[PDB]
Amino acid sequence: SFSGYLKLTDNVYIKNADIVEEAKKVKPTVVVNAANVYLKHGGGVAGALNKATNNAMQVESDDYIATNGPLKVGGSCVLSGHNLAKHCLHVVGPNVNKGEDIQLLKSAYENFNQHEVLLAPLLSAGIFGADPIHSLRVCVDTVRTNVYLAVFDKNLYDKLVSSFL
Ligand SMILES: O=c1cc(Br)cc[nH]1
């Protein structure tokens, strides 16, 4: 299963790892994507996950959007995990660099509660512009299922562990 994770709470675990590499090694049941409402996987975790699937995630996502329209900020959809996981849970956290309401981050993490175990990034962190310390706090206070967080940046991982209440 998952290895080298630091236990933060009863159900939240954290590791300094590349989520693509982590997904390829573990092949978890669910890998969470840091998605946008259009499922346009251009950069960040989304761009990296999509590139690992040889663009198959984008082709599948475009068909999903053509049929269903965009997701809501705070919402999600379950699609194939391709070569990375059984499923990919595309979760839309608020993008602070788009003026989106940071209060929607709790709604975004609530999507994780529909899955017993997930490999995930910190929602709204990185290119989404939110404070990753706040995202970890919302994660631990919202997610009740087993979440294994992959934090790409070593310096951010150290700051998150060292400042964890
Ligand atoms: O290129 C990337 C970006 C993020 Br964030 C995580 C993994 N790889």
Side-chain angles (χ1 to χ4, degrees), residues 1-37 39 41 44-46 48-50 52-53 57 71-96 100-165:
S1 45
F2 294 95
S3 75
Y5 282 79
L6 182 97
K7 184 165 181 60
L8 294 179
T9 76
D10 273 348
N11 66 297
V12 179
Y13 294 83
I14 195 168
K15 191 192 186 174
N16 173 36
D18 178 332
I19 194 172
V20 166
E21 290 309 306
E22 202 60 24
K24 289 175 186 179
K25 193 63 187 157
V26 172
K27 282 161 200 159
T29 305
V30 176
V31 66
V32 174
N33 179 31
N36 52 50
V37 300
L39 302 184
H41 312 307
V45 171
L49 288 176
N50 179 54
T53 74
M57 175 182 289
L71 280 70
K72 292 170 186 194
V73 170
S76 74
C77 72
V78 175
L79 290 172
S80 180
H82 302 275
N83 55 314
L84 304 178
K86 171 66 155 315
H87 301 293
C88 173
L89 177 69
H90 295 271
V91 181
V92 185
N95 189 326
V96 174
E100 304 175 341
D101 187 9
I102 196 54
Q103 219 234 80
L104 291 157
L105 186 53
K106 191 174 182 70
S107 300
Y109 273 114
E110 288 171 343
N111 294 286
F112 287 29
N113 289 321
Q114 303 292 321
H115 301 277
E116 282 194 343
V117 55
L118 317 87
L119 166 63
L122 282 169
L123 296 177
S124 296
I127 69 174
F128 279 61
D131 182 356
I133 295 174
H134 174 64
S135 185
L136 177 58
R137 179 39 52 200
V138 177
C139 180
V140 298
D141 291 347
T142 308
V143 183
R144 299 175 301 281
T145 54
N146 297 321
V147 59
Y148 286 84
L149 298 166
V151 179
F152 182 62
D153 198 87
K154 176 240 184 224
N155 293 318
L156 174 57
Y157 169 84
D158 288 344
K159 187 169 146 67
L160 286 164
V161 172
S162 73
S163 63
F164 182 64
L165 247 307

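Only this structure's heavy atoms are used, side chains among them; waters, hydrogens and symmetry mates stay out. Throughout, numbering of the chain's residues begins at 1 and tracks the sequence.
Using a 4.5 Å heavy-atom cutoff, the side chains of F152 and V45 are not in contact. In this structure the side chain of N11 reaches within 4.5 angstrom of the side chain of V143, judged on heavy atoms. For the pair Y157 and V161, the minimum side-chain heavy-atom distance is below 4.5 Å. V91 places none of its side-chain heavy atoms less than 4.5 Å from the side chain of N33. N36 is not listed as a side-chain neighbour of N95, based on a closest heavy-atom distance of 4.5 Å or more. Looking only at side-chain heavy atoms (C-beta outward), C139 and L149 come within less than 4.5 Å of each other. With a 4.5 Å cut-off on side-chain heavy atoms, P121 and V32 count as touching. For the pair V31 and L118, the minimum side-chain heavy-atom distance is 4.5 Å or more.
Checked against ring pair (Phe, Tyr, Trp, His ring centres under 6.0 Å), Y148 has the following partners two or more places apart in sequence or in another chain: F2, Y5, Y13. Considering only residues two or more places apart in sequence or on other chains, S107 meets the side-chain hydrogen bond (donor to acceptor under 3.5 Å, both in side chains) condition with none of them.
Screening residues 149-165 for salt bridge (charged side-chain N to carboxylate O under 4.0 Å, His left out), with sequence neighbours left out, gives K154-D158. Judged as a ring pair (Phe, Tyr, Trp, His ring centres under 6.0 Å), the pairs with a partner in residues 110-132 (not counting sequence neighbours) are, in order, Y109-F112. Contacts classified as ring pair (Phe, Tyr, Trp, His ring centres under 6.0 Å) and involving residues 73-94 (residues at least two apart or in different chains) are given here: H41-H90. Residues in residues 125-151 take part in these salt bridge (charged side-chain N to carboxylate O under 4.0 Å, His left out) pairs, two or more places apart or across chains: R137-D141.
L89 approaches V30 most closely through the heavy-atom pair CB-CG1, 3.8 Å. Between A52 and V20, the closest heavy-atom pair is CB-CG1, 3.6 Å. Here the closest heavy-atom approach between residue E22 and residue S3 is recorded as OE2-O, 4.5 Å. Taking both residues in full, the closest heavy atoms of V147 and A120 are given as CG2-CB, 4.0 Å, listed atom of the first, atom of the second, then distance. In plain terms, the two heavy atoms of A23 and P28 that are nearest each other are O-CD, 3.7 Å.
When atom types are taken as modelled, the side chain of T9 and the backbone of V140 share no donor-acceptor pair closer than 3.5 angstrom. In terms of modelled atom types and a separation under 3.5 Å, the side chain of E100 and the main chain of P94 share no donor-acceptor contact. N146 places no side-chain N or O within 3.5 Å of a backbone atom of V12 that could act as its donor or acceptor partner. Under the 3.5 Å distance criterion, the side-chain polar atoms of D101 are left unmatched by any main-chain donor or acceptor of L104. Panel note: side chain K15, backbone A17; no donor-acceptor pair is recorded below 3.5 Å.
Between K106 and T142, the side chains place a donor N or O and an acceptor N or O closer than 3.5 Å (distance only, hydrogens not considered).
Around atom CD of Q114, no more than 12 heavy atoms belonging to other residues, nucleotides or ligands sit under 6.0 Å away.
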*Could you please spell out the steps behind the side chain to side chain contact (heavy atoms under 4.5 Å, CB included) verdict for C77 and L39?*
CA-CA 10 Å; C77 72; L39 302 184; 4.0 Å; yes

